[PDB]
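Only one chain is included here, represented as structure tokens and corresponding to the form deposited in one PDB entry.
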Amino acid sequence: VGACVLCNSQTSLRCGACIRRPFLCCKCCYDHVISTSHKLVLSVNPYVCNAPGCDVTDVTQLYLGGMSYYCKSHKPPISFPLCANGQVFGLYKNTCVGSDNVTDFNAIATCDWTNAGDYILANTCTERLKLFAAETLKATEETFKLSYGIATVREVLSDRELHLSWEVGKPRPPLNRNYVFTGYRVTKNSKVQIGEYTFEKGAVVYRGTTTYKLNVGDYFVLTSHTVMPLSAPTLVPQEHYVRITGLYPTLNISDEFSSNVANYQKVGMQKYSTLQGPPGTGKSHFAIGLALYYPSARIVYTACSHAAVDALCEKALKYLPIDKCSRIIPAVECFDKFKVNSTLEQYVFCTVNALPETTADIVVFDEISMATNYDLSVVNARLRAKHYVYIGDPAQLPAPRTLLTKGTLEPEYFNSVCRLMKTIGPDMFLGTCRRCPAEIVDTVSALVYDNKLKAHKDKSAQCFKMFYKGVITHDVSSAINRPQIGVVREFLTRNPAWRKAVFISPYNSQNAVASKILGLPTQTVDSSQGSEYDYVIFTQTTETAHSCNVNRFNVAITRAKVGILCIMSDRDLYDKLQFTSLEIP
């Protein structure tokens, strides 16, 4: 028994064809089965024919006769159909309201999550459907990992390098950081975990969560997890106040956090507030600063990734009493300078999926662009706070949507919080980039920030751009542009100072060929997000939607403190780079 995700109407029915089995009310259960292919219906039992070896599961073809369910064939003389009168049969028949359109819920219930339009719906539908979609999508995402073949150690060629044999008649996952495996040694009568792993083409290069002497017959699967049902909305109902509420501002603040005193005040006069922090504009400085501005306030610092939480801890370590901090870790190596799993400590740093059930004066959810509505709901479910602050940049990179291949996902669809920042705009904006040369600040300001991002640093005159398509080759799940690397090889012979540069591209295979040929450290744009380097060499590699995504490109070029070379494929983004043009060697 439970609550009809469309009416809320109290019902005894769940759709059995829906992978989440949402409770549906007589009206809504009915309007769902007749308009889709979903016809299995679960109650306190499954509406299936209890006749001996009868296949009939379709609720339209079934009847209650006695207190058992039957098809046309096996039914007793006295029966009524389970599914007529615009209603399916269960408890609470008399309480039931329905809807004018069940269209959105049917599409969420039945979409395969490969098209952008699916994520657009999950973000514009009603809030209760946002939760149902967020569950349905995540469960689809975890199930699709099982579709992938087991990889098995056939040969140990060296250290860091392996020969994999692959389960037959199942697809192989792409071999980039987005796919994290789990090893396993072959035991008496079962299997035991042996760390999480990632892989890259060679054989295969593996970078594992621990070190081992892993031997032949050890095998790797993408560990999937149970997706829980969602209760809390993605955003709580907004409230605006006329005084700061529940928080006591400091009398003396340092001139280091003085630029955020206005903003910290806004944080205190609404229930939840959005901070768009462009690259190197001071998000974590803002987040720790809030503690100093509201010294007595209990603050839970949260984010999706261990790395985002650890970065909030590193900043905290520099400004807040250590004895007042605790890192929550569930029973991967993360920040170990705070007492571990002390829920009652004044400053709690902890990832979304490890959050305890607790209250707080402020919740700071950092790197908000990487959040899904699933994560938004979890936070609201685990943490009851006087104030919620969502820090991020909807111009940076979202969580990867492993399933999505048709359409592009616009930032107003990354999650509820981002949707607000792109539609009404953010409550607050860090408007001065400290990290990057003026030429890169001026470019992204125009590109994705509506000419509101200001350069702290001057021009470096060390920002170059070259229009060179070269030659694209494809391997199994990536791209390579050898001529674009060749051009960098030549630039480096003529500009050897640039040998301190990080190499960035939108493809891990481009990156692998580059590491061999240039010996620069390499990053994918997606793995570079939240890191800074003096000198960046970027090869676009392709002109695909992937390699021209304005958010990817925004993150690529804003990694540079001093200088950047961009070897560009796309004439559009080339022309938007406010950089010195260099001609083809």
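Numbering starts at 1 and runs along the sequence shown.
Missing-residue comparison: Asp100 falls in the unmodelled set for a third or more of the other PDB entries checked.
In at least one third of the other compared structures of this protein with flanking residues present, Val192 is left unmodelled. Where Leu251 is followed by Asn252 in the displayed chain, the model omits none of the deposited residues that would sit between the two. Missing coordinates between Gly407 and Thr408 amount to none of the deposited residues, so the segment is unbroken. Stretches 434 to 442 and 204 to 212 differ in mean CA B factor, with 204 to 212 having the higher one.
Here 313 to 321 and 88 to 96 are compared by their mean Cα B-factor, and 88 to 96 comes out higher. Out of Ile537, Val48, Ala556, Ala545, it is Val48 whose C-alpha atom has the highest B-factor in the PDB entry. When the C-alpha B-factors of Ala122, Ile362, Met421, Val332 are read from the PDB record, the largest value belongs to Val332. When all modelled residues of the chain are sorted by CA temperature factor, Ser531 is found within the middle third.
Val41: CA B factor in the highest third of modelled residues in this chain (values from the PDB entry). Per-chain ranking of the deposited C-alpha B factor places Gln578 in the lowest third.
For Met67, the recorded CA temperature factor ranks within the highest third of the chain's modelled residues.
Sorting the modelled residues of the chain by their CA temperature factor places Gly53 in the highest third.
This protein has a second form, the form deposited in another entry, left out of what is shown; the following refers to that one.
If you assign each C-alpha to whichever superposition fits it better, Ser416 and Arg160 land in the same rigid part between the shown form and the other one.
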